[PDB]
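Residue numbers (my numbering), protein chains in the order written: chain A, 2 to 75; chain B, 83 to 468; chain C, 873 to 1318; chain D, 26 to 140; chain E, 442 to 923; chain F, 6 to 29. A short worksheet on the structure shown next.
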Amino acid sequence: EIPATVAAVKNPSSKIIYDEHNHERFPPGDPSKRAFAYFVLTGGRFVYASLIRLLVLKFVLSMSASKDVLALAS
Amino acid sequence: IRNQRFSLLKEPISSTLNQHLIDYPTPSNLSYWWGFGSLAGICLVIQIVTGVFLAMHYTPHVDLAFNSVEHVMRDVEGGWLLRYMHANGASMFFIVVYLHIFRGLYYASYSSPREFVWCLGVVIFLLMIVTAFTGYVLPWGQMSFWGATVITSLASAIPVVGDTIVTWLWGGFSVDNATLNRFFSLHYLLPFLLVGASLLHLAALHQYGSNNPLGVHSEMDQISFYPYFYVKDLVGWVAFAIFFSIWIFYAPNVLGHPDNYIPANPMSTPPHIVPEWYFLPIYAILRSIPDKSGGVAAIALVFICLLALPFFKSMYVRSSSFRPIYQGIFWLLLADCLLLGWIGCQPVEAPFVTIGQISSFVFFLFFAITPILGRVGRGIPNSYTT
Amino acid sequence: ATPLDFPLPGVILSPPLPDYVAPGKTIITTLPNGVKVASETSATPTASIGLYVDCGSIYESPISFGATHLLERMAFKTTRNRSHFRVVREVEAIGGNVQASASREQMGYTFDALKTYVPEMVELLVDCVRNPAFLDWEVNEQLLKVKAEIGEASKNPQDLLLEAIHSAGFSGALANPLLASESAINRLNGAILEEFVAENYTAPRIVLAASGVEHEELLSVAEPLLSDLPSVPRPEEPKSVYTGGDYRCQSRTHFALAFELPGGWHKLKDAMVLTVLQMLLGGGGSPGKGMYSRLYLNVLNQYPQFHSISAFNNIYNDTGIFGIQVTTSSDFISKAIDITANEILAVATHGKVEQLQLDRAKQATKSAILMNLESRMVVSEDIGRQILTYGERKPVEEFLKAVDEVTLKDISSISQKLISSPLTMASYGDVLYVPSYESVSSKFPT
Amino acid sequence: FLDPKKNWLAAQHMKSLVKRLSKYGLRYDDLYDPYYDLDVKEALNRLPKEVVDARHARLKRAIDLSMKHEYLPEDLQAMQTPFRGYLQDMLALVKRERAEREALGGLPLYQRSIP
Amino acid sequence: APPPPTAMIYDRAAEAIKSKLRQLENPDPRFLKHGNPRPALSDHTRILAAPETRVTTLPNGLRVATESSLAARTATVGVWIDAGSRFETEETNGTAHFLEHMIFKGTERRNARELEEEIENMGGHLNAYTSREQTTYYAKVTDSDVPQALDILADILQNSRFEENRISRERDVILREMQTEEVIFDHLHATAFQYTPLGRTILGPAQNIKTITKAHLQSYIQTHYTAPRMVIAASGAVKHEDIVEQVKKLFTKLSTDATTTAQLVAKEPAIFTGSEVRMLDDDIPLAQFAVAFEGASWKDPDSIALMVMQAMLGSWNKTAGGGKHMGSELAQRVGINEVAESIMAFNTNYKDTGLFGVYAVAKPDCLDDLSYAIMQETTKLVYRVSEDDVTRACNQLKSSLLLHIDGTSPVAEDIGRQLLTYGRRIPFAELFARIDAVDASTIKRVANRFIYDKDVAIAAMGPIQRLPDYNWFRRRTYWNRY
Amino acid sequence: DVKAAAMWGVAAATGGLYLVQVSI
Ligand code: HEM
Ligand code: HEM
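The structure is reproduced here in structure tokens:
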């Protein structure tokens, strides 16, 4: 009849069970794999920086001179 | 706590931005369908920037509009990319707005607290329709000119002041240079009104909170917006970017009409005058019932029904996930809207006109059946009680 | 990067002390104005230095109640030479620990750090005690803190019972409550505090005490700072007349009893016999902490309704208070009072106290005193308090002899003198079930 | 030097400032804004309630006179003490406390919020 | 005519306050000669002299260490065992607590009543407690009762007999015994060292408590109280030769098991996994949370640097006299803004791992700001650290480590703990050299090793609703400024 | 910090050379 939350608070157990339905945890003991995630994010940032740079340059060069006036210069 | 400085987000310079974009609590169970508001905002920003950079090479004159557009395409470095981005992004902006509206319809994101949010959304829809219409008139193509002529001729439907209104809007006795300049000025002006309306939209929603797929009262399980919903919105933005690049770099003119590349000839007329694909449901609603004043009244009734949708009562169960009948009604509505849009791109032959007449009736039957179902299902708990 | 299990190579090692180090005799030097300077040598590599003032809660005029509590709160703060920030930063920089204590008959300012910081410790202590600047904003902040403390002062029942017993029993100097009240907090201010300090922190009533300081160094440091105080005669100690009384606060049930002794710490033999009797009665809240005392063996072991019972005492200059403090069930309160009175009478009656029990209590008192003397802070506190009480530090062997001289006849006589005094009873809790003070006093002789 | 005993220009400046403050019924320290440095705010918080209330009353009277586009009457202007300082010493104490705290590497007690 | 300064009330108040301020603008050098707020390194070699700690190793691996001060009147004798609650199994978790409760209540020569009478009669008293990696039974007595106390200790460790009727009563009293600071720390240990022996709480679950019998206690004693893991620490008025002779005479028939605590730690070691346990109730007036990184072992050379880092993150309390002028920046931030009831940095060291973090008690409204201050200060120690701050932290650490050792019982506790952890008693001079050999560069390096971009473990209980979640703390672990 | 400022200046210069790309 003891509340579940009260029993969980008053009984700190070493064996902790997570959901694990869509995220399979690493076995207890293996080191955290944070370098791999950071490098995946780094590749994504490579991609995002490329897109931002090309968009900015596209807008600037569109506002720049055009082929018609460039050719009329001779 | 205020004695000495803390995290700069809490400072007054960034206090409002923090409260409305970083620390704002949102339900943790929001699906990918909730990123469409931010995606529509991104589409609007893209349209504003691209149009601002197109207006530097566009001349709103009947003798120079088409030539200026072609100059943007050919002579301007990246101008073809600019105009393709603008047109196809207007198309994607309407796509994501339609997805926004239909997700709101499914999850009843309008019912009691977000009535003002829904009304502001309807105003935004009107503003987008007008802005896209004027922008399509801007290139001064054959289809653009004749669509402008026809759609403004709808304004000659008020029995008293219809002719005066249409003549005043035309700037004369026919669509001409005055109409082109008028539409250019309006098409530049409205997107900033659209930005203001979008800001009011976001603020009105932030007054109460975002709805969730369950439709239940979601305040016990909420998370901060930034660390968790900026990444989901980023996934949505990248997927939309892939779609947008696909439709720009490989199928640019598929969504457009080929007749818009013919210079506007007032003497001749295209065999089939059809508006843009995202005005097709409204055009089909117009042409369903045979009349002109009747069609304008039907369009006004459509918008009045959209405005009056949130004000129905006894919709205690919000989400359609717990309403089988309402889910079926919504899916029938979506099929009806797709069929209506398809009909809008067809002639006025017998099967097409019959189906258009039926489709509009189903469209309004949705707006009646929803209050009927709410009132009927208000007494569900007493009947199924166990 | 040498691991902790390996000795560091480049460290020069200080020579070890011999196994038997001569215990440094206490050295007392009286300054010409009357300030007494005392110190003691210790084998511990840290020293504790305190400044004890004879001023206390008794020396409180009706316009300055709560002044001692505020002074304890306003202990080490901004002065006329260094600010509060500078004081705190100096204390942290030398790593020392600083604190203050306020009692009903004396106030102390303890400051302990490493032994090489003696001059700085003495200088900061003397400055912060003799020359305090009671700034209005700091006094207001401390007043707010004391307001919060009073608002959350009901958690501890024991201190409240002691305060109530003192207030009820005494009607003179000791009647002044040690803890401040709401009205006193509302009316006190920096000007009143400064006037109180100037009037009561006079030279004859101020004493230095040290635990690990050589006398020459501390005297040389403290002479330029304490010799400037004027020589003014000490005021006569205010007198309090003990009258049996009753206090009731209806808010389990907590109550206690008390009695009075004609002589306090000046009657050393009687005071030490009272301490032995307190240890004999003992206590417990339900090995070697006193589970074989008379109260534990006769009360806690035969009455589960007795939540917590102990024997308390408080010995001041020329007066003493001794009694039993106990909390129990609300419905058991009358029987609990009857049992406590019966136990007190049984201790009073001759022949009930066993020789083995008295020997155990005597050894427990001796061991408690000897283990208390271990701490350097307790050594300095003992030096200062003994000097304030007598004028000289009585050696520990005198207390040992007084403990060893206690006999059954002596403890019976002391208990008779206890029960011959008027009764003071204070109850806090489910009051309206307790018997009447007339009945409680009739349970005892005059 | 800025002294109205060896400098005629300084004496004239003091006379003009006294005249202006008397006309507006003000005191020089009342010109110090708590929102400006927060040292004035700390000094005013430390100052006695009677002095703070008197400063507020003087400031309200001056604001009312400015709104009404009028000055104090002749007698009230005569019985004015524009340079009877009450905040300069406390302000100097607060400033020197802040300077001492910053020199020893201490976090400021008060910090201005970014507008 | 301007009225005189004494005419009106506020003018009088202004004059009074100005006069009060004018009497402190002029200090005197005689009251500032020696005091100095700027921290400075000092040489304490002339005073860091203590009686030599004599350590003798018996043939069976038993250790006997004494710090003799023959001038003292009292002495303490204790037994420290390097076996605690970590070196047990999942089936027997509360065995250490049950044994430390049952070890004073029965022997084949003295029952509980006789043992308590003997303890009380000589005046001294004996205490005992079990940590997660240590178990101590010590006794403080007068100098004449040292042989009796030693005999009692040997008798209770070896000849103990566990009566079944006493086992039942102790089980009942433990189930009755079933601050919240220890609760928070137990939850933090369970969620940090999960699926490892350090995860289990010291007291143990009720299911394993109920099944404890005499055989289990006897097996635990025989398998863990082995002589090589056993050290008798004596402090005060004792003689090393006499103590060694008494130990040789008494401490016989002790268990001799080949298994060593080093190999027990090597098998199934403790691994720190970043996790959080949140116990929101909102029914408690205050919210208490503890965020902790991974610390260093006892013999790790960076442990002293971790203690220094704790010192420069010193504790602050609402009733503390320091107020808002404390040395550490975290205490200043908390006190100035009053965003917490009480903060305290903790550094716990174990055989192969440890914890280093901050435990804070605060009102529900200030949780976010308090957590921001904590993370800001910790990452500040990671990135930029002040030389004067490091010097003050070192001075405070030295002063605290020497003030805690005040008395025979603290001396004996230090001796036993240092022999169990370091294998030796670190002399005061060497400890001071180790502490003062820590500078800003060392602090930065150790914080980079232990804090920078390292997973945290957060245990929170109370109205924890404004407390930031795990990702917030994980991001705050590092700075993006550089 | 001087080193931090120098590294941030290097990063800003690299970003500028990536954006403008003078002589790649
Ligand atoms: C103020 C910002 C804007 C400016 C300056 C602008 C300007 C222009 C110009 C000059 C054109 C003709 C050039 C071309 O199409 O190649 C155009 C086309 C168009 N615009 Fe905009 N526009 C803006 C915002 C928008 C927005 C917000 C929408 C969507 C509601 C929109 C919808 C369109 C459409 C549909 C076309 C027709 C594209 C085509 O097929 O040729 N515009 N705009
Ligand atoms: C310019 C186009 C639009 C933009 C930029 C926009 C933007 C947004 C944003 C940012 C949100 C909050 C995030 C979310 O909940 O998805 C939102 C929510 C919402 N919008 Fe829009 N919107 C637009 C058009 C519309 C339209 C036409 C409607 C129809 C009336 C509408 C109705 C709603 C509703 C009902 C919500 C609440 C979502 C929920 O609580 O479930 N929006 N919009």
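Where a beta carbon is used, it is the ideal one built from N, C-alpha and C, also for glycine.
Alpha-carbon spacing of residue i relative to residue j, whole angstroms
i, j, result
"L187/B", "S402/B", "9 Å"
"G1192/C", "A910/C", "27 Å"
"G1160/C", "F545/E", "11 Å"
"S1055/C", "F1042/C", "21 Å"
"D54/D", "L72/D", "13 Å"
"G640/E", "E1089/C", "53 Å"
"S292/B", "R617/E", "49 Å"
"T1279/C", "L1230/C", "8 Å"
"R1232/C", "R551/E", "19 Å"
"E2/A", "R460/B", "37 Å"
"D1276/C", "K1234/C", "7 Å"
"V1306/C", "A1218/C", "22 Å"
CB contact check: residue i to chain E, cutoff 9 Å
i, result
"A9/F", "yes"
"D877/C", "yes"
"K34/A", "no"
Buried/exposed call for residue i, threshold 16 Cβ in 10 Å
i, result
"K792/E", "buried"
"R471/E", "exposed"
"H628/E", "buried"
"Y1168/C", "buried"
Residue i at chain B interface by Cβ criterion, 9 Å
i, result
"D586/E", "no"
"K68/A", "yes"
"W913/E", "yes"
"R137/D", "yes"
"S75/A", "no"
"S65/A", "yes"
Minimum C-alpha distance to residue i - residue among the options
i, options, result
"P805/E", "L747/E, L844/E, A553/E and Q729/E", "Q729/E"
"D683/E", "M671/E, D592/E and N649/E", "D592/E"
"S1180/C", "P1317/C, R1124/C and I1291/C", "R1124/C"
"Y1309/C", "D1302/C, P1029/C and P1294/C", "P1294/C"
"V960/C", "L721/E, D586/E and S769/E", "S769/E"
"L594/E", "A834/E, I653/E and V672/E", "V672/E"
"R1120/C", "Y1175/C, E964/C, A1040/C and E1109/C", "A1040/C"
"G1117/C", "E1132/C, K1111/C and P1110/C", "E1132/C"
Cutoff 9 Å: residue i Cβ touching any chain I Cβ
i, result
"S460/E", "Among the protein chains of the structure shown, namely A, B, C, D, E and F, there is no chain I."
Within-9 Å CB hit, residue i to chain A
i, result
"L22/F", "no"
"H538/E", "no"
Could you name the residues of the segment 950-966 of chain C whose beta carbon sits closer than 8 Å to any beta carbon of chain D, in the order they occur along the chain? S955, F957, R958 and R961
Listed in chain order, which residues of the segment 43-62 of chain A have Cβ atoms closer than 7 Å to some Cβ of chain B? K59, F60 and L62
Contact set between the segment 106-123 of chain D and chain C, restricted to residues whose Cβ is under 8 Å from the partner: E122
If contact means a Cβ-Cβ distance below 8 Å, which residues of the segment 547-565 of chain E contact chain C? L556, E557, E558, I560, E561, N562, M563, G564 and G565
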